[PDB]
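Colleague: Okay, here's the structure, questions in a sec.
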Amino acid sequence: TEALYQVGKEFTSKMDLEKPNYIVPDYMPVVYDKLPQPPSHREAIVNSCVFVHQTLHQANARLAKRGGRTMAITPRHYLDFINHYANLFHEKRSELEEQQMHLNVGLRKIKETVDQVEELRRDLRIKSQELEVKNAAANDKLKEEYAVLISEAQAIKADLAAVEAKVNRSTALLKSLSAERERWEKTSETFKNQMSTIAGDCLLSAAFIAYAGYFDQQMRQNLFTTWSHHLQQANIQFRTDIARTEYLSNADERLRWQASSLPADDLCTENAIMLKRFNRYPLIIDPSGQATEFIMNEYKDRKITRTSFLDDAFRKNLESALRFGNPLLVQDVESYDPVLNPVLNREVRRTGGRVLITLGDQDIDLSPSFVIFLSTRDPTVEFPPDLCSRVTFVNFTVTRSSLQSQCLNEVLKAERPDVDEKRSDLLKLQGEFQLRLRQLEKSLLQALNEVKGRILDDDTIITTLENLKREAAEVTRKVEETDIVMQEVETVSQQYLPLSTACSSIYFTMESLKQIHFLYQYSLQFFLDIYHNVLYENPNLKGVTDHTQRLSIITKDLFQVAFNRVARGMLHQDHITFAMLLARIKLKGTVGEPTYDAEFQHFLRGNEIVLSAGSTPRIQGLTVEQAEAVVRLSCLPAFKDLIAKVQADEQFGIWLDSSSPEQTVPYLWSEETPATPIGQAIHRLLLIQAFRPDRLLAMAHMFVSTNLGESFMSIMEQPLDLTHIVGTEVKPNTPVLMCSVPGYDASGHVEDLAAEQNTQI
């Protein structure tokens, strides 16, 4: 902690972190034991910088204790952090001061313009007086030289006409510039507030770039909230309104990122910012592969080359990229070649006017435009701590919101192609429209910031402002009309929202199946193939034309195909577990059903309700374990009168020792309103677990039958139809994995399958 503080304080000396008005809080979140008792604002900032680094150690411990994969936290992360803090602070301070410079110039030109028309109106009145004097004098003299006098008066009349027209046009310009003058005044007042939060805002932003890349959406948010909370206890000022993506990137850059096929997702946008503001070279983790495409789209103009650590030309490609300064993308970083160790550590030797990098035993001149990106498609790969210290982790993990958007768009494309196309055109139109407005406000600001003397003196400046204002109003008119048409798109898309929620829940259930068996590995493409099958290769939609009925078919068939394809690659003992979860996902989709969260809370865990010796009595007709299950189940309001109901039922003994008690579970639960068939099954499920745990699987199958139908699990009972799956469902690039338990071997099935198809193998 002492080393971190000294590095932070020494490295932030160039920083302008002096706030004489800073108030020391009564409870100071001190992490450096020798931090001075009345800390200064700079002392608090460096103390907060130390705290952020130590939070990642706590963060890694929490994921490690839960079995999650963690990457080493090294001092190079801290050096990365403070480096970004210095750069962002200077960048944000420079941008704000530069912006405040234009606003002050723009405001003063408008104020001068208001003065100019005031004297020009005074001049207009003066010129009118001159006309009255000249006309009266000419008339009196008339009542050859007088012809010149009236010609002089007529010439002044043209001058007055030019003056009065200039007054009206400049007044209309001033009225047209009233909104811009008001907007610039408001921001100029807020200059002090923004200056007062840059120190805190950049600290949070820099920490996010240096540490948050490897973690998923939930863990990134937890880290930012922990840092934000600490700044509050330290009285460090930071704004809580602007999102981190908006504060670390402009709209122009985000527009180009979309053109480079970057997914429209906040975490993906955060990754793009990391891929732009990195200090250590980025290591990209993208199982889906859009990040690899995005990097290649972003760097075509700079001639980026894709290569791999396993390719034979990697050393030549690396040498060429270093020598010519071209971007290089290297894949398969799980096979990392330690030849990059000097490159990643930036171990350059500058002697004799030459910048040299030692690659193996050969010295190479390093061009300053060189950049290297490392990528892997395996999210589960472990890197050694030495590699973790040399790279910036940028993890592309699927978020629930992004998958919901992807699935909502895909069903819209399949089901409402006219609506989906209209949505796509509007987003392109609105993207261009917002782009144009930004240029319009920038150009209009530049015109007032580059004009000398007065605006009225040069009629060209006046015309340009009117044209920029005229185009600004029309585009603003075009934005309003695109807003209402999106409302037509949004209200159509609301019908397909529950399906997209089901899609994300199903995939994230599939993604969690690796926790119960190492074999249950499922990519996002596997689920997208399932989703595509339900939307485009569904025999139940052949003649259906009603959109609502098609949606019900799609929703039903999505659950069925998801179970069919996943369970063929699961052990049969785990089939009920996956079907149980799909039923719970489908139950959440039913608006008319209750949550049953308490009943499922009791169905799981359950044993955590500790019972004392006096808490559990001796119910005649039940064993000790059965009696305890009664007492624990008694905690629900529905089963509060559980012991009495069993005692009042002498026939309960017969049902307790029946072969199939799950099919005749007595109505032994109390309730106010009549329960639902799904609700009755859940009550029977709790009763069976309490009294006949050997029939819990049988009751679970009935629960799945109640939610998903009687034939939902029937495919697993049939022999595998390898012919249909290989011919239609399996892509040629996708290997077919024949996984068998000991004593079983699927080689013969493939050999027979080739014979049936009369194909060679």
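Each chain in the structure tokens gets a letter, A, B and so on, in the order shown; residues start at 1 in every chain, and ligands are counted from 1 in the order they appear.
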Skip range 46-60 of chain A itself and residues of its chain fewer than 5 positions away, then list as a PyMOL selection string all residues within 8 Å of it, counting only C-alpha atoms.

Modeller: chain A and resi 1+4-5+8-9+30-32+35+70-71+73+77-78+82+203+207+211+223+227+230-231+234

Colleague: What's the 12 Å shell around residue 386 in chain A, counting only C-alpha atoms, without same-chain residues fewer than 2 positions away, as a list in words?

Modeller: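 Residues near the query, excluding close chain neighbours: residues 71, 72, 73, 74, 75, 76, 336, 338, 340, 341, 344, 345, 382, 383, 384, 388, 389, 390 and 391 of chain A.
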
Colleague: With C-alpha atoms retained, write the just-selected residues as a PDB file, in the first residue's frame.

Modeller:
```pdb
ATOM      1  CA  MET A  71      -6.870 -13.144 -13.888  1.00  0.00           C
ATOM      2  CA  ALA A  72      -3.860 -11.923 -11.941  1.00  0.00           C
ATOM      3  CA  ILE A  73      -3.843  -8.336 -10.691  1.00  0.00           C
ATOM      4  CA  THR A  74      -0.364  -6.869 -11.116  1.00  0.00           C
ATOM      5  CA  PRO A  75       1.354  -3.510 -10.524  1.00  0.00           C
ATOM      6  CA  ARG A  76       1.204  -3.007 -14.296  1.00  0.00           C
ATOM      7  CA  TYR A 336       1.196 -17.551 -26.950  1.00  0.00           C
ATOM      8  CA  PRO A 338       7.105 -15.747 -25.718  1.00  0.00           C
ATOM      9  CA  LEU A 340       6.434 -11.110 -28.010  1.00  0.00           C
ATOM     10  CA  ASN A 341       7.653 -10.544 -24.439  1.00  0.00           C
ATOM     11  CA  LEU A 344       4.427  -6.326 -25.024  1.00  0.00           C
ATOM     12  CA  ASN A 345       6.743  -4.838 -22.380  1.00  0.00           C
ATOM     13  CA  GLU A 382      -6.360 -19.634 -18.321  1.00  0.00           C
ATOM     14  CA  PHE A 383      -3.492 -17.348 -18.823  1.00  0.00           C
ATOM     15  CA  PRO A 384      -0.292 -17.420 -16.770  1.00  0.00           C
ATOM     16  CA  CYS A 388      -1.812 -11.220 -17.704  1.00  0.00           C
ATOM     17  CA  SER A 389       0.571  -8.430 -16.678  1.00  0.00           C
ATOM     18  CA  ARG A 390       1.535  -7.662 -20.298  1.00  0.00           C
ATOM     19  CA  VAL A 391      -1.937  -7.349 -21.862  1.00  0.00           C
TER      20      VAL A 391
END
```

Colleague: Name all residues at most 7 Å from range 688-700 of chain A (count only C-alpha atoms; drop same-chain ones fewer than 5 positions away) and give them as a ChimeraX atom specification.

Modeller: /A:626,629-630,662

Colleague: Those same residues - C-alpha atoms - I'd like them written as a PDB file, in the first residue's frame.

Modeller:
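Just written: result.pdb:
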```pdb
ATOM      1  CA  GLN A 626     -40.779 -37.339   7.274  1.00  0.00           C
ATOM      2  CA  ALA A 629     -40.023 -32.427   6.309  1.00  0.00           C
ATOM      3  CA  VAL A 630     -43.532 -31.712   7.608  1.00  0.00           C
ATOM      4  CA  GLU A 662     -47.632 -38.690  -7.007  1.00  0.00           C
TER       5      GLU A 662
END
```

Colleague: Which residue out of A:376, A:443, A:193, A:21 has the minimum interatomic distance to residue 235 in chain A when only C-alpha atoms are used?

Modeller: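 Closest to residue 235 in chain A of all the choices is A:21.
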
Colleague: From range 539-681 of chain A, collect each residue whose DSSP state is helix (DSSP H, G or I) and return the set as number ranges by chain.

Modeller: A: 539-541, 547-567, 572-589, 597-603, 624-633, 642-648, 652-656, 661-663, 677-681

Colleague: Within 12 Å of residue 704 in chain A, counting only C-alpha atoms, which residues qualify if same-chain residues fewer than 3 places away don't, as a PDB file with N, CA, C and O atoms, in the first residue's frame?

Modeller:
```
ATOM      1  N   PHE A 559     -39.211 -23.813 -26.973  1.00  0.00           N
ATOM      2  CA  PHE A 559     -38.907 -24.630 -25.804  1.00  0.00           C
ATOM      3  C   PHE A 559     -38.697 -26.087 -26.189  1.00  0.00           C
ATOM      4  O   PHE A 559     -37.853 -26.775 -25.603  1.00  0.00           O
ATOM      5  N   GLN A 560     -39.456 -26.578 -27.172  1.00  0.00           N
ATOM      6  CA  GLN A 560     -39.379 -27.986 -27.543  1.00  0.00           C
ATOM      7  C   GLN A 560     -38.062 -28.309 -28.241  1.00  0.00           C
ATOM      8  O   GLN A 560     -37.399 -29.296 -27.905  1.00  0.00           O
ATOM      9  N   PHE A 563     -35.071 -28.203 -25.817  1.00  0.00           N
ATOM     10  CA  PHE A 563     -34.912 -29.424 -25.037  1.00  0.00           C
ATOM     11  C   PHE A 563     -34.413 -30.574 -25.903  1.00  0.00           C
ATOM     12  O   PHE A 563     -33.553 -31.347 -25.472  1.00  0.00           O
ATOM     13  N   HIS A 575     -31.849 -34.966 -17.819  1.00  0.00           N
ATOM     14  CA  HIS A 575     -32.910 -34.476 -18.695  1.00  0.00           C
ATOM     15  C   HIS A 575     -34.011 -33.786 -17.901  1.00  0.00           C
ATOM     16  O   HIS A 575     -34.538 -32.751 -18.328  1.00  0.00           O
ATOM     17  N   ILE A 576     -34.377 -34.345 -16.748  1.00  0.00           N
ATOM     18  CA  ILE A 576     -35.426 -33.742 -15.934  1.00  0.00           C
ATOM     19  C   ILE A 576     -34.982 -32.390 -15.399  1.00  0.00           C
ATOM     20  O   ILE A 576     -35.798 -31.471 -15.267  1.00  0.00           O
ATOM     21  N   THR A 577     -33.692 -32.233 -15.092  1.00  0.00           N
ATOM     22  CA  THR A 577     -33.198 -30.968 -14.560  1.00  0.00           C
ATOM     23  C   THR A 577     -33.348 -29.844 -15.577  1.00  0.00           C
ATOM     24  O   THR A 577     -33.810 -28.748 -15.244  1.00  0.00           O
ATOM     25  N   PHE A 578     -32.957 -30.099 -16.828  1.00  0.00           N
ATOM     26  CA  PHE A 578     -33.104 -29.087 -17.870  1.00  0.00           C
ATOM     27  C   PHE A 578     -34.572 -28.805 -18.170  1.00  0.00           C
ATOM     28  O   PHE A 578     -34.960 -27.645 -18.351  1.00  0.00           O
ATOM     29  N   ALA A 579     -35.399 -29.849 -18.232  1.00  0.00           N
ATOM     30  CA  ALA A 579     -36.826 -29.648 -18.468  1.00  0.00           C
ATOM     31  C   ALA A 579     -37.489 -28.913 -17.312  1.00  0.00           C
ATOM     32  O   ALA A 579     -38.438 -28.154 -17.527  1.00  0.00           O
ATOM     33  N   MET A 580     -37.006 -29.130 -16.086  1.00  0.00           N
ATOM     34  CA  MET A 580     -37.533 -28.403 -14.936  1.00  0.00           C
ATOM     35  C   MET A 580     -37.286 -26.906 -15.078  1.00  0.00           C
ATOM     36  O   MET A 580     -38.149 -26.087 -14.744  1.00  0.00           O
ATOM     37  N   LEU A 581     -36.103 -26.531 -15.570  1.00  0.00           N
ATOM     38  CA  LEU A 581     -35.770 -25.121 -15.725  1.00  0.00           C
ATOM     39  C   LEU A 581     -36.536 -24.492 -16.880  1.00  0.00           C
ATOM     40  O   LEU A 581     -36.994 -23.347 -16.778  1.00  0.00           O
ATOM     41  N   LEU A 582     -36.687 -25.219 -17.990  1.00  0.00           N
ATOM     42  CA  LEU A 582     -37.460 -24.691 -19.112  1.00  0.00           C
ATOM     43  C   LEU A 582     -38.911 -24.467 -18.710  1.00  0.00           C
ATOM     44  O   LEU A 582     -39.545 -23.506 -19.156  1.00  0.00           O
ATOM     45  N   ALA A 583     -39.452 -25.350 -17.868  1.00  0.00           N
ATOM     46  CA  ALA A 583     -40.798 -25.149 -17.346  1.00  0.00           C
ATOM     47  C   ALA A 583     -40.874 -23.894 -16.489  1.00  0.00           C
ATOM     48  O   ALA A 583     -41.850 -23.138 -16.566  1.00  0.00           O
ATOM     49  N   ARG A 584     -39.856 -23.652 -15.662  1.00  0.00           N
ATOM     50  CA  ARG A 584     -39.849 -22.461 -14.820  1.00  0.00           C
ATOM     51  C   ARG A 584     -39.724 -21.193 -15.656  1.00  0.00           C
ATOM     52  O   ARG A 584     -40.310 -20.161 -15.315  1.00  0.00           O
ATOM     53  N   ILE A 585     -38.953 -21.247 -16.745  1.00  0.00           N
ATOM     54  CA  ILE A 585     -38.886 -20.114 -17.663  1.00  0.00           C
ATOM     55  C   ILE A 585     -40.237 -19.883 -18.326  1.00  0.00           C
ATOM     56  O   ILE A 585     -40.704 -18.743 -18.435  1.00  0.00           O
ATOM     57  N   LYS A 586     -40.888 -20.956 -18.780  1.00  0.00           N
ATOM     58  CA  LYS A 586     -42.203 -20.819 -19.400  1.00  0.00           C
ATOM     59  C   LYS A 586     -43.242 -20.323 -18.405  1.00  0.00           C
ATOM     60  O   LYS A 586     -44.154 -19.577 -18.784  1.00  0.00           O
ATOM     61  N   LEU A 587     -43.127 -20.731 -17.141  1.00  0.00           N
ATOM     62  CA  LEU A 587     -44.062 -20.273 -16.121  1.00  0.00           C
ATOM     63  C   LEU A 587     -43.970 -18.765 -15.925  1.00  0.00           C
ATOM     64  O   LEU A 587     -44.994 -18.091 -15.754  1.00  0.00           O
ATOM     65  N   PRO A 677     -53.921 -25.133 -12.204  1.00  0.00           N
ATOM     66  CA  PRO A 677     -53.333 -26.467 -12.422  1.00  0.00           C
ATOM     67  C   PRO A 677     -51.824 -26.494 -12.257  1.00  0.00           C
ATOM     68  O   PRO A 677     -51.280 -27.473 -11.734  1.00  0.00           O
ATOM     69  N   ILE A 678     -51.130 -25.439 -12.684  1.00  0.00           N
ATOM     70  CA  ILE A 678     -49.697 -25.344 -12.429  1.00  0.00           C
ATOM     71  C   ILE A 678     -49.438 -25.133 -10.941  1.00  0.00           C
ATOM     72  O   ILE A 678     -48.509 -25.710 -10.366  1.00  0.00           O
ATOM     73  N   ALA A 681     -49.834 -28.408  -9.080  1.00  0.00           N
ATOM     74  CA  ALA A 681     -48.691 -29.295  -9.275  1.00  0.00           C
ATOM     75  C   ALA A 681     -47.536 -28.919  -8.355  1.00  0.00           C
ATOM     76  O   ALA A 681     -46.851 -29.800  -7.822  1.00  0.00           O
ATOM     77  N   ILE A 682     -47.303 -27.621  -8.162  1.00  0.00           N
ATOM     78  CA  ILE A 682     -46.213 -27.180  -7.297  1.00  0.00           C
ATOM     79  C   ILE A 682     -46.482 -27.585  -5.853  1.00  0.00           C
ATOM     80  O   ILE A 682     -45.564 -27.985  -5.125  1.00  0.00           O
ATOM     81  N   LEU A 685     -45.792 -31.107  -5.653  1.00  0.00           N
ATOM     82  CA  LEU A 685     -44.350 -31.315  -5.716  1.00  0.00           C
ATOM     83  C   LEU A 685     -43.710 -31.135  -4.345  1.00  0.00           C
ATOM     84  O   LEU A 685     -42.814 -31.897  -3.963  1.00  0.00           O
ATOM     85  N   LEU A 697     -38.791 -37.542  -8.541  1.00  0.00           N
ATOM     86  CA  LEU A 697     -38.583 -37.511  -9.985  1.00  0.00           C
ATOM     87  C   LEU A 697     -39.894 -37.711 -10.736  1.00  0.00           C
ATOM     88  O   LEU A 697     -40.156 -37.027 -11.733  1.00  0.00           O
ATOM     89  N   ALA A 698     -40.725 -38.647 -10.276  1.00  0.00           N
ATOM     90  CA  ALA A 698     -42.012 -38.875 -10.922  1.00  0.00           C
ATOM     91  C   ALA A 698     -42.903 -37.641 -10.822  1.00  0.00           C
ATOM     92  O   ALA A 698     -43.589 -37.281 -11.786  1.00  0.00           O
ATOM     93  N   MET A 699     -42.906 -36.984  -9.661  1.00  0.00           N
ATOM     94  CA  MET A 699     -43.672 -35.752  -9.512  1.00  0.00           C
ATOM     95  C   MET A 699     -43.085 -34.622 -10.348  1.00  0.00           C
ATOM     96  O   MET A 699     -43.830 -33.795 -10.883  1.00  0.00           O
ATOM     97  N   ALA A 700     -41.754 -34.569 -10.472  1.00  0.00           N
ATOM     98  CA  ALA A 700     -41.124 -33.549 -11.303  1.00  0.00           C
ATOM     99  C   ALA A 700     -41.513 -33.714 -12.765  1.00  0.00           C
ATOM    100  O   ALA A 700     -41.736 -32.723 -13.472  1.00  0.00           O
ATOM    101  N   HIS A 701     -41.592 -34.958 -13.238  1.00  0.00           N
ATOM    102  CA  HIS A 701     -42.032 -35.205 -14.609  1.00  0.00           C
ATOM    103  C   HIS A 701     -43.470 -34.749 -14.812  1.00  0.00           C
ATOM    104  O   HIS A 701     -43.824 -34.246 -15.886  1.00  0.00           O
ATOM    105  N   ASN A 707     -46.654 -27.980 -17.203  1.00  0.00           N
ATOM    106  CA  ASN A 707     -46.216 -26.719 -17.790  1.00  0.00           C
ATOM    107  C   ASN A 707     -45.977 -26.834 -19.291  1.00  0.00           C
ATOM    108  O   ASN A 707     -46.409 -25.966 -20.055  1.00  0.00           O
ATOM    109  N   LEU A 708     -45.306 -27.895 -19.733  1.00  0.00           N
ATOM    110  CA  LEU A 708     -44.848 -27.997 -21.111  1.00  0.00           C
ATOM    111  C   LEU A 708     -45.605 -29.015 -21.952  1.00  0.00           C
ATOM    112  O   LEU A 708     -45.432 -29.026 -23.175  1.00  0.00           O
ATOM    113  N   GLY A 709     -46.428 -29.859 -21.349  1.00  0.00           N
ATOM    114  CA  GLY A 709     -47.200 -30.828 -22.099  1.00  0.00           C
ATOM    115  C   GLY A 709     -46.734 -32.256 -21.843  1.00  0.00           C
ATOM    116  O   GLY A 709     -45.615 -32.512 -21.387  1.00  0.00           O
ATOM    117  N   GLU A 710     -47.623 -33.200 -22.163  1.00  0.00           N
ATOM    118  CA  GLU A 710     -47.362 -34.607 -21.871  1.00  0.00           C
ATOM    119  C   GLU A 710     -46.269 -35.181 -22.762  1.00  0.00           C
ATOM    120  O   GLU A 710     -45.499 -36.040 -22.318  1.00  0.00           O
ATOM    121  N   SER A 711     -46.176 -34.720 -24.005  1.00  0.00           N
ATOM    122  CA  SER A 711     -45.227 -35.253 -24.970  1.00  0.00           C
ATOM    123  C   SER A 711     -43.950 -34.428 -25.062  1.00  0.00           C
ATOM    124  O   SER A 711     -43.170 -34.621 -25.998  1.00  0.00           O
ATOM    125  N   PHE A 712     -43.724 -33.513 -24.118  1.00  0.00           N
ATOM    126  CA  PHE A 712     -42.553 -32.648 -24.189  1.00  0.00           C
ATOM    127  C   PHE A 712     -41.257 -33.447 -24.098  1.00  0.00           C
ATOM    128  O   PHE A 712     -40.307 -33.186 -24.841  1.00  0.00           O
ATOM    129  N   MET A 713     -41.204 -34.425 -23.198  1.00  0.00           N
ATOM    130  CA  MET A 713     -39.999 -35.213 -22.975  1.00  0.00           C
ATOM    131  C   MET A 713     -40.018 -36.543 -23.718  1.00  0.00           C
ATOM    132  O   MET A 713     -39.135 -37.377 -23.498  1.00  0.00           O
ATOM    133  N   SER A 714     -40.996 -36.753 -24.602  1.00  0.00           N
ATOM    134  CA  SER A 714     -41.185 -38.057 -25.223  1.00  0.00           C
ATOM    135  C   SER A 714     -40.128 -38.382 -26.271  1.00  0.00           C
ATOM    136  O   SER A 714     -39.934 -39.561 -26.584  1.00  0.00           O
TER     137      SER A 714
END
```

Colleague: Write out as a ChimeraX atom specification all residues of range 383-492 of chain A that DSSP puts in strand (DSSP E or B) for this structure's backbone.

Modeller: /A:391-395

Colleague: Can you measure CA of residue 324 in chain A to CA of residue 367 in chain A for me? One decimal in Å is fine.

Modeller: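 Going from CA of residue 324 in chain A over to CA of residue 367 in chain A covers 6.0 Å.
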
Colleague: Would you mind telling me which residue in A:465, A:528, A:663, A:420 lies nearest to residue 486 in chain A when using only C-alpha atoms?

Modeller: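 Looking only at the distances to residue 486 in chain A, the closest residue turns out to be A:420.
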
Colleague: Rounded to one decimal, what separation in Å do you get between CA of residue 205 in chain A and CA of residue 442 in chain A?

Modeller: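 Computing it gives 25.8 Å between the two atoms.
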
Colleague: Would you mind telling me which residue in A:238, A:22, A:208, A:314 lies nearest to residue 85 in chain A when using only C-alpha atoms?

Modeller: A:208

Colleague: Pick out the residues sitting within 6 Å of range 286-289 of chain A, and hand them over as a list in words; count only C-alpha atoms, and ignore anything fewer than 3 positions along from it in its own chain.

Modeller: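 My list of contacting residues is residues 292, 377, 378 and 396 of chain A.
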
Colleague: Go ahead and write the selection's residues with N, CA, C and O atoms as an mmCIF file, in the first residue's frame.

Modeller:
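Written file, out30.cif:
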```cif
data_model
loop_
_atom_site.group_PDB
_atom_site.id
_atom_site.type_symbol
_atom_site.label_atom_id
_atom_site.label_comp_id
_atom_site.auth_asym_id
_atom_site.auth_seq_id
_atom_site.Cartn_x
_atom_site.Cartn_y
_atom_site.Cartn_z
ATOM 1 N N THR A 292 -13.169 -9.919 -33.498
ATOM 2 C CA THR A 292 -12.169 -10.115 -34.541
ATOM 3 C C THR A 292 -12.561 -9.379 -35.814
ATOM 4 O O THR A 292 -11.730 -8.708 -36.432
ATOM 5 N N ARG A 377 -10.719 -17.410 -28.953
ATOM 6 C CA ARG A 377 -12.132 -17.753 -28.998
ATOM 7 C C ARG A 377 -12.570 -18.599 -27.812
ATOM 8 O O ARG A 377 -13.740 -18.984 -27.741
ATOM 9 N N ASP A 378 -11.665 -18.891 -26.880
ATOM 10 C CA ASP A 378 -11.984 -19.740 -25.744
ATOM 11 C C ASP A 378 -12.176 -18.867 -24.514
ATOM 12 O O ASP A 378 -11.191 -18.320 -23.999
ATOM 13 N N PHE A 396 -15.432 -10.149 -24.464
ATOM 14 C CA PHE A 396 -16.706 -9.974 -25.157
ATOM 15 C C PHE A 396 -17.641 -11.082 -24.688
ATOM 16 O O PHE A 396 -17.688 -12.169 -25.264
#
```

Colleague: With a distance cut-off of 10 Å and only C-alpha atoms, select the neighbouring residues of residue 257 in chain A, excluding the residue or stretch itself and same-chain residues fewer than 6 positions from it, and output the selection as a list in words.

Modeller: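 These residues fall inside the cut-off: residues 251, 263, 264, 268, 269, 272, 294, 295, 297 and 298 of chain A.
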